[PDB]
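Step one of this worksheet: look at the structure below.
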Amino acid sequence: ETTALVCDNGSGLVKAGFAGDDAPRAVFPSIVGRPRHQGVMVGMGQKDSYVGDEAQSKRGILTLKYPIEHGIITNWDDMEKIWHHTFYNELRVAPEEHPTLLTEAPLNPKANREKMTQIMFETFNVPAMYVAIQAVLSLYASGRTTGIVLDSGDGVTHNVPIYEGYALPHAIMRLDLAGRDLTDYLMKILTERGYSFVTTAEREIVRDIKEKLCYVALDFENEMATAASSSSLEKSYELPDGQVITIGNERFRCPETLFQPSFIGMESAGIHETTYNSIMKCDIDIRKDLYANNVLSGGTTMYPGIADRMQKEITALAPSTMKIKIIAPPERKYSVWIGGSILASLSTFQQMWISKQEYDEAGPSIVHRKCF
Amino acid sequence: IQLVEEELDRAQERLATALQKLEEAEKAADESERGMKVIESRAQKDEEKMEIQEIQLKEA
Amino acid sequence: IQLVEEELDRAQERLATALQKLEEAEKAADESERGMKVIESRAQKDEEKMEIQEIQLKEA
């Protein structure tokens, strides 16, 4: 059978590999570096485009750009570079031999779904392809046809009620606030403590810090009080040039913005609130199988202690005769990619692919007839 | 010479050993997580069954 | 001397980096282990309670 490349379009990490395997085989940063100055390398070759880990090692001399900003492809040129690198550098295979599965947000722009369909088929010459909602794949990785997924990426958070494998198009909710924003916010609040960070390279350390040291508090006022009353809510981090910095209440404050969007000046409601409001758009006999399967997904959900917080919050908004229970997969950061690996290796799914012939007949439009 | 050489060599012996130990620590983390995955999936299946039973019992 | 010294210095830097990554993998392993232990304790409790209910359900 044809080996399908599953490529998760994560906004701060690419996750890529082959279908039928239990885990991604390449996990690298979504970063394209291009030179700030030319002349840097003399006696050695210069290139102008570095991608992923190659770019990461050269960060000092590169201008980093993100291909995907807030789950939205913002530059077609940087999306292409990521792709060129995925196939030829990272997996070292011809894409033209391998069908492609691409991941997307709910309500991912149609003009974008098309430019993605077109770019894959004309330049890479893919034999077949498909595009699928991130949360639907994470639900298949959770072994379920039906449930509501809180998917919080490295850039967007969605609440996605799904039923018999279809995401409910009137009931889904979105929040632009997650891992990308979270770094920029963390950096702000550290400047406020007097650990000013103004350089973007230092920003990436702040990113790493965030992933390692942030934790979801179970009670925001009680932990805040604890940090005000004692310095036991602080963890040290040694910067790689030396210099020991102390990260305080910023640890739980940073992700606190997910529950209270007003802290960054939004009119948006919180991730627990949009969970509750999303299920309340659904019919009562499916509210049962939706509430019974509240699933966490994506990189932002890997902060410890999140389940007890989300269990709390949802039981407080929701009536005490729906079964409330948080499902947190063992490696929830990958559950989109794992769900794509499952879906692309089902014998029933092989009828669904966009073929090169259907693209030649209808142009990039074909995704809006084959994908749902 | 000899001291700088002996110090290097042991430093490499030590590095080699630290990489071996890193792979071992990595393996063990994987064995723990897998086990952790198996218990977790058994806990969850029992829970879903339990809640259906608390309800079946209330319903009955 | 110098060449050997430059090789030793490189060897030392590599050893430090491996030891930090190793300490991290140990910590992550310790954490999987903790995670696992709470999960096992829940698993037991959900099972007993699902079983306890199986008796009560039969009775109703």
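Letters for chains follow the order of the structure tokens (A, B, ...), residue numbers begin at 1 for each chain, and ligand numbers begin at 1 in the order shown.
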**Request:** Write out as a PyMOL selection string each polymer residue whose atoms come within 9 Å of residue 29 of chain B, counting only C-alpha atoms; drop sequence neighbours fewer than 6 positions from it.
**Result:** chain C and resi 25-26+28-30+32-33
Overlay target chain B, mobile chain C, all C-alpha paired in order, as a compact mmCIF listing (two decimals) with C-alpha atoms, in the first residue's frame:
```
# COMPACT_ATOMS: atom_id res chain seq x y z
CA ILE C 1 51.90 16.02 25.03
CA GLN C 2 51.68 12.96 27.12
CA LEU C 3 50.05 14.61 30.19
CA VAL C 4 47.44 16.18 27.92
CA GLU C 5 46.86 12.88 26.14
CA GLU C 6 46.29 11.07 29.46
CA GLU C 7 43.69 13.82 30.38
CA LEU C 8 41.99 13.52 26.99
CA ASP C 9 41.79 9.62 27.25
CA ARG C 10 40.15 9.97 30.70
CA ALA C 11 37.80 12.53 29.31
CA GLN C 12 36.79 10.19 26.55
CA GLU C 13 36.15 7.23 28.78
CA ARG C 14 33.95 9.41 31.05
CA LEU C 15 32.03 10.63 27.99
CA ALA C 16 31.33 7.11 26.85
CA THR C 17 30.12 6.06 30.34
CA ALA C 18 27.83 9.06 30.58
CA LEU C 19 26.38 8.42 27.18
CA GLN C 20 25.57 4.78 28.02
CA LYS C 21 23.90 5.84 31.40
CA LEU C 22 22.08 8.59 29.47
CA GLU C 23 20.82 6.04 26.80
CA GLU C 24 19.58 3.88 29.67
CA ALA C 25 17.75 6.81 31.39
CA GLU C 26 16.13 7.61 27.95
CA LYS C 27 15.08 4.04 27.50
CA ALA C 28 13.67 3.95 31.10
CA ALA C 29 11.85 7.24 30.31
CA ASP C 30 10.48 5.76 27.03
CA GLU C 31 9.28 2.78 29.11
CA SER C 32 7.57 4.97 31.75
CA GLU C 33 5.90 6.68 28.92
CA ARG C 34 4.60 3.37 27.40
CA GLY C 35 3.50 2.09 30.74
CA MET C 36 1.64 5.29 31.30
CA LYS C 37 -0.23 5.19 27.97
CA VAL C 38 -1.75 1.72 28.64
CA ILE C 39 -2.68 2.84 32.09
CA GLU C 40 -4.42 6.00 30.76
CA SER C 41 -6.36 3.82 28.29
CA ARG C 42 -7.51 1.53 31.17
CA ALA C 43 -8.34 4.50 33.29
CA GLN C 44 -10.71 5.86 30.70
CA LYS C 45 -12.38 2.46 30.26
CA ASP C 46 -12.89 1.82 34.03
CA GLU C 47 -14.26 5.32 34.49
CA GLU C 48 -16.85 5.04 31.60
CA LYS C 49 -17.87 1.60 32.87
CA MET C 50 -18.05 2.85 36.54
CA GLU C 51 -20.25 5.80 35.26
CA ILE C 52 -22.30 3.55 33.00
CA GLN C 53 -23.00 1.46 36.03
CA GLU C 54 -23.95 4.57 38.04
CA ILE C 55 -26.86 5.16 35.63
CA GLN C 56 -27.87 1.41 35.64
CA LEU C 57 -27.60 1.32 39.47
CA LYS C 58 -29.92 4.29 39.80
CA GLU C 59 -32.32 2.57 37.42
CA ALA C 60 -32.33 -0.74 39.44
```
**Request:** Quick one: pull the distance between atom CA of residue 164 of chain A and atom CA of residue 297 of chain A, Å, one decimal.
**Result:** 18.5 Å
Within 12 Å of chain B, which residues of chain A show up? Give each one with its shortest atom-to-atom distance in Å (one decimal) and the two atoms involved, counting only C-alpha atoms, rows by chain then rising residue number, as a Markdown table.
```
| residue | atom | partner | partner_atom | distance |
| --- | --- | --- | --- | --- |
| A:22 | CA | B:34 | CA | 12.0 |
| A:142 | CA | B:41 | CA | 9.7 |
| A:143 | CA | B:41 | CA | 10.4 |
| A:288 | CA | B:52 | CA | 11.2 |
| A:289 | CA | B:48 | CA | 11.1 |
| A:291 | CA | B:48 | CA | 11.9 |
| A:292 | CA | B:48 | CA | 8.1 |
| A:293 | CA | B:48 | CA | 9.4 |
| A:321 | CA | B:55 | CA | 9.7 |
| A:322 | CA | B:55 | CA | 10.4 |
| A:323 | CA | B:51 | CA | 7.3 |
| A:324 | CA | B:51 | CA | 9.8 |
| A:325 | CA | B:48 | CA | 9.2 |
| A:326 | CA | B:44 | CA | 10.2 |
| A:327 | CA | B:44 | CA | 8.2 |
| A:328 | CA | B:40 | CA | 9.6 |
| A:329 | CA | B:37 | CA | 8.4 |
| A:330 | CA | B:37 | CA | 5.8 |
| A:331 | CA | B:37 | CA | 8.9 |
| A:332 | CA | B:37 | CA | 11.5 |
```
**Request:** Would you mind listing what lies within 10 Å of segment 233-236 of chain A as a list in words, with only C-alpha atoms counted and same-chain residues fewer than 2 positions away left out?
**Result:** residues 213, 214, 223, 224, 225, 226, 227, 228, 229, 230, 231, 238, 239, 244, 245, 246, 247, 248, 249, 250, 251 and 252 of chain A
Write out the residues from the selection above, keeping C-alpha atoms, as a PDB file, in the first residue's frame.
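Written output follows (again.pdb):
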```pdb
ATOM      1  CA  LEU A 213       8.605  25.722  33.763  1.00  0.00           C
ATOM      2  CA  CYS A 214       4.999  26.810  33.194  1.00  0.00           C
ATOM      3  CA  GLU A 223      -1.189  30.236  44.134  1.00  0.00           C
ATOM      4  CA  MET A 224      -0.891  33.972  43.555  1.00  0.00           C
ATOM      5  CA  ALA A 225      -1.173  34.433  47.311  1.00  0.00           C
ATOM      6  CA  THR A 226       1.396  31.803  47.945  1.00  0.00           C
ATOM      7  CA  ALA A 227       3.898  33.552  45.716  1.00  0.00           C
ATOM      8  CA  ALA A 228       3.134  36.936  47.443  1.00  0.00           C
ATOM      9  CA  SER A 229       3.569  35.353  50.980  1.00  0.00           C
ATOM     10  CA  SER A 230       6.565  33.192  50.229  1.00  0.00           C
ATOM     11  CA  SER A 231       9.165  32.693  47.497  1.00  0.00           C
ATOM     12  CA  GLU A 238      20.573  29.114  34.164  1.00  0.00           C
ATOM     13  CA  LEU A 239      20.944  30.900  30.800  1.00  0.00           C
ATOM     14  CA  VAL A 244      21.220  32.481  36.843  1.00  0.00           C
ATOM     15  CA  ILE A 245      17.741  34.027  36.445  1.00  0.00           C
ATOM     16  CA  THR A 246      14.823  33.395  38.755  1.00  0.00           C
ATOM     17  CA  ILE A 247      11.389  32.833  37.192  1.00  0.00           C
ATOM     18  CA  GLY A 248       8.573  33.779  39.687  1.00  0.00           C
ATOM     19  CA  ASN A 249       4.711  33.903  39.482  1.00  0.00           C
ATOM     20  CA  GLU A 250       5.091  34.374  35.676  1.00  0.00           C
ATOM     21  CA  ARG A 251       4.992  30.593  35.570  1.00  0.00           C
ATOM     22  CA  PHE A 252       1.263  30.398  36.160  1.00  0.00           C
TER      23      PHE A 252
END
```
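For the atom pair formed by atom CA of residue 343 of chain A and atom CA of residue 20 of chain A, the distance is 8.8 Å, given to one decimal.
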**Request:** In Å, rounded to a single decimal, give me how far atom CA of residue 210 of chain A is from atom CA of residue 333 of chain A.
**Result:** 15.1 Å
